[PDB]
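One structure is given below, encoded as structure tokens.
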Amino acid sequence: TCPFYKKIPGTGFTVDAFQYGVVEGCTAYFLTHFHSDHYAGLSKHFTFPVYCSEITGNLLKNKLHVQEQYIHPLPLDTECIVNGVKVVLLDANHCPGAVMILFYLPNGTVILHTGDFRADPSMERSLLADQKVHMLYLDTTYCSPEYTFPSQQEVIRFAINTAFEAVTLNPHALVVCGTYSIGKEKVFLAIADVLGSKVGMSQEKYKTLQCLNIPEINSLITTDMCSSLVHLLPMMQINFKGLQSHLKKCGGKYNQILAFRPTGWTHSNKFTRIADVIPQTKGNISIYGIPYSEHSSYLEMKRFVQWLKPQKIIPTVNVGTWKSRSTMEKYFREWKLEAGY
Ligand code: NI
């Protein structure tokens, strides 16, 4: 049964609620983004209206085979009427196609559902600037002050400089980047751009990338692994055994691997600056864990919320333990007393 924080009161709507069967009273199912914990339950047998971005709808049709007649793509930054209710989709600064959803309820209440997001000051100049929000359904993934990490631009600068140095020292080195979902594509696209290479990958991953409306993508990716010196592999294979096995398959073209594992936050963030990051190495294989986040840091979250000044906050992440729930409620009250709302 569908939990309360996935229902939008005063409407027929749910958000990211496909794993509960037919939800009683739901006339439209919204999908914020194409990550498995959120789409869990969708397939070609789904027969209710799904509302989402254009990119999410490309992925629903081609990857999950949802029939076209049930997919309702909406443009961003545009007031739309869905089943008698005004809604707007906003870019969430998460993975490709990810949105926040603003609902203008018939009784005058305004609700913002962030989906998954990486808060940014640029959101203070979206269609959010124009009106009051009563309720905020908030991505609280990193809602504690110990969660610190660098900007995405600093992380990419580290990765480009590291890859370019290694391959210029050794033109026979291969670069490998781990993936298990959409998101974080700038990691492998930026490295391949500096090296003058296309990114090589499986047919299944190429298919997923072709749904993403990335400009000039045909110029950047390929299924011909032999033509490429940046390869994508499943995240599970980014270890010494998996990379050894991959290097065997390359027919003696290469004699070294430099690999990247984009993670979220890890506890080595509490001690080490991005500049000072070092790899794990065994023989001719080195693995870098890089803290490329597509969720808000604590400070970015706090800034957004203090600017929006919502009347009530409903967390959507870390909701399963009493200790998590009490910690998050404490920070919400600090933020409100500090800012005066
Ligand atoms: Ni996500």
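In the structure tokens, the first chain shown is A, the next is B, and so on; residue numbers restart at 1 for each chain, and ligands run from 1 in the order shown.
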
Wanna dump the chain A-ligand 1 contacts at 9 Å for me, each residue with its shortest atom pair and the distance in Å to one decimal, counting only C-alpha atoms and all ligand atoms, ordered by chain and number, as a Markdown table?
| residue | atom | partner | partner_atom_place_in_ligand_line | distance |
| --- | --- | --- | --- | --- |
| A:32 | CA | ligand 1 | 1 (Ni) | 8.7 |
| A:33 | CA | ligand 1 | 1 (Ni) | 6.7 |
| A:34 | CA | ligand 1 | 1 (Ni) | 7.4 |
| A:35 | CA | ligand 1 | 1 (Ni) | 5.2 |
| A:36 | CA | ligand 1 | 1 (Ni) | 8.1 |
| A:37 | CA | ligand 1 | 1 (Ni) | 7.7 |
| A:38 | CA | ligand 1 | 1 (Ni) | 7.4 |
| A:94 | CA | ligand 1 | 1 (Ni) | 6.9 |
| A:95 | CA | ligand 1 | 1 (Ni) | 7.1 |
| A:98 | CA | ligand 1 | 1 (Ni) | 8.0 |
| A:115 | CA | ligand 1 | 1 (Ni) | 7.8 |
| A:116 | CA | ligand 1 | 1 (Ni) | 5.2 |
| A:117 | CA | ligand 1 | 1 (Ni) | 7.8 |
| A:182 | CA | ligand 1 | 1 (Ni) | 8.9 |
| A:183 | CA | ligand 1 | 1 (Ni) | 8.3 |
| A:294 | CA | ligand 1 | 1 (Ni) | 7.9 |
| A:295 | CA | ligand 1 | 1 (Ni) | 8.2 |

Do you know which residues are at most 9 Å from residue 293 (chain A) counting only C-alpha atoms, after dropping those on the same chain fewer than 3 positions away, and could you put them as an MDAnalysis selection string?
chainID A and resid 94 118 149:152 184 262:265 296:297

Any idea what's packed within 9 Å of region 120-135 of chain A, counting only C-alpha atoms, ignoring anything in its chain fewer than 4 positions away? Could you give it as an MDAnalysis selection string?
chainID A and resid 77 88 90:93 102 109:113 296 300:301 303:304 307:314

Filtering to N, CA, C and O atoms, could you give me those residues as a tab-separated table (two decimals), in the first residue's frame?
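New file selection33.tsv:
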chain	number	residue	atom	x	y	z
A	77	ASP	N	8.85	24.50	-17.46
A	77	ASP	CA	8.69	25.94	-17.25
A	77	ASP	C	7.40	26.46	-17.85
A	77	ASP	O	7.35	27.66	-18.22
A	88	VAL	N	3.22	22.70	-12.91
A	88	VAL	CA	4.41	23.13	-13.66
A	88	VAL	C	5.53	22.11	-13.39
A	88	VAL	O	5.73	21.72	-12.21
A	90	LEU	N	9.70	21.69	-13.32
A	90	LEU	CA	10.94	22.44	-13.24
A	90	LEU	C	12.17	21.55	-13.29
A	90	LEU	O	12.10	20.41	-12.77
A	91	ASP	N	13.26	21.99	-13.91
A	91	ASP	CA	14.47	21.16	-13.87
A	91	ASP	C	15.00	20.91	-12.43
A	91	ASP	O	15.05	21.83	-11.62
A	92	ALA	N	15.24	19.63	-12.10
A	92	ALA	CA	15.67	19.27	-10.73
A	92	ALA	C	17.19	19.28	-10.56
A	92	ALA	O	17.70	19.04	-9.44
A	93	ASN	N	17.98	19.50	-11.61
A	93	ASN	CA	19.46	19.44	-11.46
A	93	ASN	C	19.86	18.11	-10.80
A	93	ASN	O	20.77	18.08	-9.93
A	102	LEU	N	5.37	21.49	-9.35
A	102	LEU	CA	4.59	22.48	-8.58
A	102	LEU	C	3.14	22.22	-8.85
A	102	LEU	O	2.74	22.10	-9.99
A	109	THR	N	-3.96	26.22	-1.97
A	109	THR	CA	-2.67	25.66	-1.42
A	109	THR	C	-1.70	25.48	-2.61
A	109	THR	O	-2.14	25.11	-3.71
A	110	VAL	N	-0.41	25.79	-2.42
A	110	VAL	CA	0.61	25.50	-3.45
A	110	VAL	C	1.60	24.44	-2.79
A	110	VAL	O	2.15	24.67	-1.69
A	111	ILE	N	1.89	23.36	-3.54
A	111	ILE	CA	2.77	22.28	-3.10
A	111	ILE	C	3.96	22.19	-4.09
A	111	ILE	O	3.70	22.14	-5.29
A	112	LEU	N	5.19	22.12	-3.57
A	112	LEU	CA	6.37	21.76	-4.42
A	112	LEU	C	6.88	20.35	-4.02
A	112	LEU	O	7.13	20.13	-2.83
A	113	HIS	N	6.99	19.43	-4.99
A	113	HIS	CA	7.57	18.08	-4.76
A	113	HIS	C	8.92	18.11	-5.48
A	113	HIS	O	8.96	18.37	-6.71
A	296	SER	N	21.59	17.33	-3.27
A	296	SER	CA	22.04	18.52	-2.52
A	296	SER	C	23.02	18.13	-1.40
A	296	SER	O	22.77	17.15	-0.67
A	300	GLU	N	23.69	23.31	0.64
A	300	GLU	CA	22.86	23.68	-0.53
A	300	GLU	C	21.33	23.51	-0.21
A	300	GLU	O	20.45	24.30	-0.57
A	301	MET	N	20.99	22.41	0.44
A	301	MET	CA	19.62	22.14	0.95
A	301	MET	C	19.06	23.24	1.91
A	301	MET	O	17.96	23.75	1.71
A	303	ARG	N	20.22	26.26	2.28
A	303	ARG	CA	20.04	27.54	1.56
A	303	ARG	C	18.71	27.62	0.79
A	303	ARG	O	17.95	28.57	0.86
A	304	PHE	N	18.41	26.56	0.02
A	304	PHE	CA	17.18	26.50	-0.70
A	304	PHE	C	15.94	26.64	0.19
A	304	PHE	O	14.99	27.38	-0.14
A	307	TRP	N	15.46	30.00	1.75
A	307	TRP	CA	14.97	30.96	0.71
A	307	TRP	C	13.50	30.73	0.41
A	307	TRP	O	12.68	31.76	0.33
A	308	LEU	N	13.03	29.48	0.21
A	308	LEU	CA	11.66	29.18	-0.12
A	308	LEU	C	10.65	29.51	1.01
A	308	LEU	O	9.51	29.83	0.73
A	309	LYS	N	11.09	29.32	2.26
A	309	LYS	CA	10.27	29.52	3.48
A	309	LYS	C	8.93	28.78	3.49
A	309	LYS	O	7.83	29.36	3.65
A	310	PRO	N	8.94	27.46	3.29
A	310	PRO	CA	7.71	26.69	3.30
A	310	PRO	C	7.04	26.66	4.67
A	310	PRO	O	7.71	26.74	5.71
A	311	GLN	N	5.73	26.51	4.70
A	311	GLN	CA	5.02	26.40	5.97
A	311	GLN	C	5.14	25.04	6.60
A	311	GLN	O	5.14	24.88	7.84
A	312	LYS	N	5.27	23.99	5.79
A	312	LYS	CA	5.44	22.65	6.29
A	312	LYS	C	6.41	21.90	5.35
A	312	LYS	O	6.29	22.02	4.11
A	313	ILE	N	7.22	21.02	5.94
A	313	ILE	CA	8.16	20.13	5.18
A	313	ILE	C	7.84	18.66	5.45
A	313	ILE	O	7.74	18.25	6.65
A	314	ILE	N	7.74	17.88	4.36
A	314	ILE	CA	7.52	16.43	4.35
A	314	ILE	C	8.77	15.79	3.68
A	314	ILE	O	8.91	15.79	2.49

DSSP on the backbone, then: every residue of region 97-199 of chain A marked strand (DSSP E or B), written as a ChimeraX atom specification.
/A:99-104,110-113,135-138,173-179,199

Restricting it to N, CA and C atoms, dump the selection as a short mmCIF file (atom, residue, chain, number, x, y, z; two decimals), in the first residue's frame.
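Generated output (out-v4.cif):
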data_model
loop_
_atom_site.label_atom_id
_atom_site.label_comp_id
_atom_site.auth_asym_id
_atom_site.auth_seq_id
_atom_site.Cartn_x
_atom_site.Cartn_y
_atom_site.Cartn_z
N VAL A 99 12.69 16.03 -12.89
CA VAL A 99 11.90 17.28 -12.60
C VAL A 99 11.46 17.38 -11.16
N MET A 100 11.26 18.63 -10.74
CA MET A 100 10.40 18.98 -9.59
C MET A 100 9.01 19.31 -10.15
N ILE A 101 7.97 19.15 -9.29
CA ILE A 101 6.59 19.38 -9.76
C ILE A 101 5.90 20.39 -8.80
N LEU A 102 5.37 21.49 -9.35
CA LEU A 102 4.59 22.48 -8.58
C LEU A 102 3.14 22.22 -8.85
N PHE A 103 2.34 22.00 -7.81
CA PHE A 103 0.87 21.74 -7.93
C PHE A 103 0.09 22.92 -7.26
N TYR A 104 -0.84 23.48 -8.04
CA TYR A 104 -1.65 24.64 -7.62
C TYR A 104 -3.06 24.08 -7.26
N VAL A 110 -0.41 25.79 -2.42
CA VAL A 110 0.61 25.50 -3.45
C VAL A 110 1.60 24.44 -2.79
N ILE A 111 1.89 23.36 -3.54
CA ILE A 111 2.77 22.28 -3.10
C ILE A 111 3.96 22.19 -4.09
N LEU A 112 5.19 22.12 -3.57
CA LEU A 112 6.37 21.76 -4.42
C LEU A 112 6.88 20.35 -4.02
N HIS A 113 6.99 19.43 -4.99
CA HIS A 113 7.57 18.08 -4.76
C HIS A 113 8.92 18.11 -5.48
N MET A 135 3.47 23.74 1.25
CA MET A 135 4.04 22.43 1.58
C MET A 135 5.18 22.06 0.62
N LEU A 136 6.24 21.53 1.21
CA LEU A 136 7.49 21.08 0.43
C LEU A 136 7.74 19.58 0.70
N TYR A 137 7.71 18.77 -0.36
CA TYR A 137 8.00 17.36 -0.23
C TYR A 137 9.47 17.27 -0.67
N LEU A 138 10.40 17.07 0.28
CA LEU A 138 11.82 17.38 0.09
C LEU A 138 12.74 16.17 0.01
N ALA A 173 47.61 3.56 -22.30
CA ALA A 173 46.66 3.39 -21.16
C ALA A 173 45.18 3.51 -21.69
N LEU A 174 44.32 2.68 -21.07
CA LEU A 174 42.85 2.70 -21.32
C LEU A 174 42.23 3.37 -20.13
N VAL A 175 41.22 4.22 -20.40
CA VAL A 175 40.42 4.79 -19.29
C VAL A 175 39.09 4.07 -19.26
N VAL A 176 38.67 3.67 -18.06
CA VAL A 176 37.34 3.01 -17.82
C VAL A 176 36.53 3.81 -16.81
N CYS A 177 35.23 3.98 -17.06
CA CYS A 177 34.32 4.67 -16.12
C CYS A 177 33.11 3.79 -15.82
N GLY A 178 32.85 3.59 -14.54
CA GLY A 178 31.68 2.82 -14.07
C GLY A 178 30.34 3.56 -14.18
N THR A 179 29.27 2.81 -14.47
CA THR A 179 27.88 3.32 -14.50
C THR A 179 26.90 2.21 -14.08
N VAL A 199 33.28 7.64 -26.58
CA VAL A 199 33.08 6.70 -25.49
C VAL A 199 32.45 5.39 -26.00
#

Residues at most 8 Å from region 211-217 of chain A, counting only C-alpha atoms, excluding those fewer than 4 positions away in the same chain, as a list in words?
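Result of the neighbour search: residues 55, 58, 59, 62, 96, 97, 207 and 221 of chain A.
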
If we count only C-alpha atoms and set the cut-off at 7 Å, which residues sit around residue 141 (chain A), ignoring sequence neighbours fewer than 2 positions away in its own chain? Please answer as a PyMOL selection string.
chain A and resi 139+143+317-318
